[PDB]
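Along the sequence shown, residues are numbered consecutively beginning with 1. Start at 1 and go down the list; that is how both ligands and their atoms are numbered. In what follows, every heavy atom counts, from backbone to side chain, and hydrogens, waters and symmetry copies are set aside.
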Amino acid sequence: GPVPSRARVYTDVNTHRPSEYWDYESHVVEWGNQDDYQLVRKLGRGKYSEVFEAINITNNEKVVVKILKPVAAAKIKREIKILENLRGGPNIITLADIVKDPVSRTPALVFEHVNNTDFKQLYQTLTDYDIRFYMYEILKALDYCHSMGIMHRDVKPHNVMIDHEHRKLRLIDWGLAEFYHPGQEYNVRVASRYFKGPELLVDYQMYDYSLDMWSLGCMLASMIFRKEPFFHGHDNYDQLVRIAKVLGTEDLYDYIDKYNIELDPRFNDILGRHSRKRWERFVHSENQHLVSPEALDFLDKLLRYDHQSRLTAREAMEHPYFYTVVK
Ligand SMILES: NCc1ccc(-c2cccc(F)c2)c(Cl)c1
Ligand SMILES: NCc1ccc(-c2cccc(F)c2)c(Cl)c1
Ligand SMILES: NCc1ccc(-c2cccc(F)c2)c(Cl)c1
Ligand SMILES: NCc1ccc(-c2cccc(F)c2)c(Cl)c1
Ligand SMILES: NCc1ccc(-c2cccc(F)c2)c(Cl)c1
Ligand SMILES: NCc1ccc(-c2cccc(F)c2)c(Cl)c1
């Protein structure tokens with residue numbers, strides 16, 4: 001069977017912290033007053049929640065209210081516990097309150113408001129310096145949450161709120177986040193298709209924080225190469241073939257052989273043989289202003305099949321790509 005794996009960092013955070021920290025099922029929710037909030041506009045709806053812009057009438061402050069749907073409702077304690085554990089962390093969305101929505105009969109999470117700039121608008125105008133700057137801010141959030149024994153598991157552009165005017169960034173939607181326990185087998189049906197790490201795509205369940213580092217690398221490749229998404233799979237199987245057309249099939253086979261993983265036999269008819277491509281292949285006259293030798297070297301160290309080989313968030317912050325960023 002599969003060879004076991006452990007994170008190379010923050011391995012034993014959850015064992016040396018008290019049980020009340022990670023045992024989210026034993027957590028007693030403190031309920032706030034639903035009457036303090038006035039819903040103003042529905043921002044959106046997903047399969048797990050409905051999100052609104054609201055006003056806290058006890059201080060006139062704008063807030064965001066996330067009304068959880070019943071599917072999400074069953075696992076709210078994990079999300080609430082994670083949010084409380086991470087509250088005050090750098091660039092982590094702040095949970096302000098938890099109320100019972102009288103219509104949905106489900107919990108509603110109230111968050112600080114972030115005046116999010118449109119994804120298309122921001123994607124199109126970010127300079128080389130702004131990419132580096134915001135990547136560094138995302139790394140602060142990821143090293144903080146990994147240091148706290150938590151993996152996000154859904155890093156993607158829609159989960160990163162940016163108020164470009166105030167250069168404020170927040171990592172949101174901790175609904176898929178989980179506590180890392182060494183040797184635990186996790187569900188591989190996490191993260192959005194284009195951001196899924198190879199470990200999910202080959203059904204390797206003993207993954208860790210390094211999954212977030214793959215997803216971060218996919219975001220970086222899209223922004224510096226102006227190719228959205230970078231790995232554009234039609235389904236989860238084609239997602240792996242898209243990765244293999246860039247990183248190559250030999251390094252893929254080295255990875256699955258290292259962990260004694262067998263690919264789904266359906267790959268025989270779609271995977272083929274592909275050499276590893278040099279990152280410079282993706283440079284052209286329309287993205288050259290966002291690329292540098294430091295960007296390519298940094299991307300190379302995130303987008304690695306072997307989850308144990310990827311840079312950690314703290315090592316990533318040490319990289320020359322961020323030397324230009326004012327700290
Ligand atoms: N308070 C507005 C509202 C009302 C109902 C629901 C809801 C409840 C049960 C199932 C479901 F799919 C949605 C939500 Cl999330 C928000
Ligand atoms: N451009 C209007 C807008 C305003 C707020 C939000 C928002 C949603 C959830 C959490 C959050 F911190 C902010 C979005 Cl997505 C769009
Ligand atoms: N939710 C809008 C959004 C979130 C994040 C980013 C982003 C992603 C990678 C690097 C970076 F500097 C910024 C963009 Cl462009 C838009
Ligand atoms: N108003 C456009 C819009 C719609 C949806 C999302 C979205 C999608 C998935 C997860 C998430 F946290 C947010 C965003 Cl960021 C903006
Ligand atoms: N994919 C062909 C390609 C095209 C141009 C460049 C390039 C762009 C700007 C400066 C520079 F020193 C080189 C590279 Cl690296 C690769
Ligand atoms: N921003 C202009 C630019 C773009 C790309 C490169 C480049 C060229 C070859 C390899 C490499 F890793 C990066 C340079 Cl030197 C300058």
Side-chain angles (χ1 to χ4, degrees), residues 37 39-56 61-69 72 79 83 86-87 91-97 108-123 126-132 134 137-138 141 152-166 168-177 190-196 215 219-221 223-226 228-229 277-303 319-321 324:
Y37 306 95
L39 304 180
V40 170
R41 53 186 195 104
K42 194 196 308 167
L43 292 170
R45 195 166 65 218
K47 259 198 290 295
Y48 294 90
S49 66
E50 207 163 44
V51 170
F52 298 77
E53 210 168 66
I55 301 289
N56 180 338
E61 301 209 292
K62 286 193 177 81
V63 292
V64 165
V65 176
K66 175 186 195 169
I67 305 179
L68 298 140
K69 289 188 177 185
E79 183 173 358
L83 284 164
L86 297 179
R87 192 158 42 209
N91 301 328
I92 308 290
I93 197 71
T94 301
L95 175 68
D97 212 348
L109 301 184
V110 181
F111 297 99
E112 65 177 311
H113 180 260
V114 181
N115 197 53
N116 182 243
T117 314
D118 168 65
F119 174 34
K120 288 172 184 178
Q121 285 189 317
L122 216 65
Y123 176 83
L126 293 190
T127 63
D128 174 33
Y129 184 83
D130 282 351
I131 297 167
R132 303 189 197 210
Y134 288 122
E137 292 300 298
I138 298 170
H152 186 281
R153 307 199 297 176
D154 200 20
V155 171
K156 58 184 186 176
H158 278 161
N159 285 337
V160 178
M161 294 299 99
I162 294 165
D163 178 351
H164 196 37
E165 188 165 27
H166 304 96
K168 198 168 118 291
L169 184 142
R170 298 293 181 264
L171 182 58
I172 68 154
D173 204 337
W174 296 81
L176 279 175
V190 295
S192 200
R193 189 196 302 149
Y194 310 140
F195 301 94
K196 286 170 185 292
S215 305
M219 291 185 47
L220 179 63
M223 298 176 293
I224 70 173
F225 297 131
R226 288 264 181 81
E228 217 280 305
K277 303 317 182 294
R278 295 195 197 264
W279 295 105
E280 44 262 52
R281 183 202 175 91
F282 305 98
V283 183
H284 50 64
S285 45
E286 290 72 45
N287 63 29
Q288 60 81 31
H289 65 289
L290 305 177
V291 182
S292 60
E294 295 80 4
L296 299 193
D297 183 70
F298 177 52
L299 182 65
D300 186 63
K301 298 172 158 66
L302 296 173
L303 296 179
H319 196 278
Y321 179 63
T324 196

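Ligand 2 places these atoms under 4.0 Å from at least one heavy atom of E53: 4 (C). Less than 4.0 angstrom separates some heavy atom of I172 from each of these atoms of ligand 4: 12 (F). Atoms of ligand 6 lying under 4.0 Å from at least one heavy atom of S292, given by number and element, are 13 (C). Within ligand 6, the atoms closer than 4.0 Å to a non-hydrogen atom of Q288 are 1 (N), 2 (C), 3 (C), 4 (C), numbered from 1 in the order shown.
Put simply, atom 5 (C) of ligand 4 has no protein non-hydrogen atoms near it, under 4.0 Å away. Counting only heavy atoms, the protein never gets under 4.0 Å from atom 8 (C) of ligand 6.
Within the set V291, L296, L299, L290, the minimum heavy-atom distance to atom 16 (C) of ligand 6 is found for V291.
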Q: Go through the steps to decide whether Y134 and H164 satisfy the test ring-ring contact (aromatic ring centres under 6.0 Å, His included), and finish with yes or no.
A: CA-CA 10 Å; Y134 288 122; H164 196 37; 5.7 Å; yes
Q | Intermediate values then yes/no, side chain to side chain donor-acceptor pair (under 3.5 Å), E53 and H113 | A | CA-CA 8 Å; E53 210 168 66; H113 180 260; 3.2 Å; yes
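With rounding to the nearest 0.5 Å, the separation of CG in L95 from CZ in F111 is 5.5 Å. The CD atom of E280 lies 6.5 Å from the CG atom of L296; values are rounded to the nearest 0.5 Å.
For atom 10 (C) of ligand 2, the nearest protein heavy atom (residue, atom name, distance) is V64 CG1, 3.8 Å. Scanning the protein heavy atoms around atom 3 (C) of ligand 4, the nearest turns out to be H158 NE2, 4.7 Å. Among protein heavy atoms, the minimum distance from atom 14 (C) of ligand 6 is reached at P293 CD, 4.2 Å. The shortest contact between atom 12 (F) of ligand 4 and any protein heavy atom is with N159 OD1, 2.7 Å. Of the protein's non-hydrogen atoms, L43 O, 4.3 Å is the one closest to atom 1 (N) of ligand 4.
Contact annotation for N116 and ligand 4: no heavy atom of the residue comes within less than 4.0 Å of the ligand. No part of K66 comes within 4.0 Å of ligand 2, judged by heavy-atom distances. If you look at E280 next to ligand 6, there are no close heavy atoms at all, none under 4.0 Å. Here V114 has heavy atoms under 4.0 Å from ligand 2 in both its backbone and its side chain.
Between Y48 and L68, every side-chain heavy-atom pair lies at or beyond the 4.5 Å cut-off. Contact of the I67 side chain with the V65 side chain is registered, since non-hydrogen atoms from C-beta on lie closer than 4.5 Å. Side chains of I55 and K62 form a contact here, defined as non-hydrogen atoms less than 4.5 Å apart.
Between the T117 side chain and the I162 main chain, a donor and an acceptor come within less than 3.5 Å of each other. The backbone N or O of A191 sits less than 3.5 Å from a side-chain atom of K196, completing a donor-acceptor pair. Put simply, the side chain of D163 never gets that close to the backbone of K168: no donor and acceptor are under 3.5 Å apart.
Ring planes of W279 and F225: parallel class, angle under 30° (limits at 30 and 60°).
Remark: distances from the non-hydrogen atoms of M161 to ligand 2 include one below 4.0 Å.
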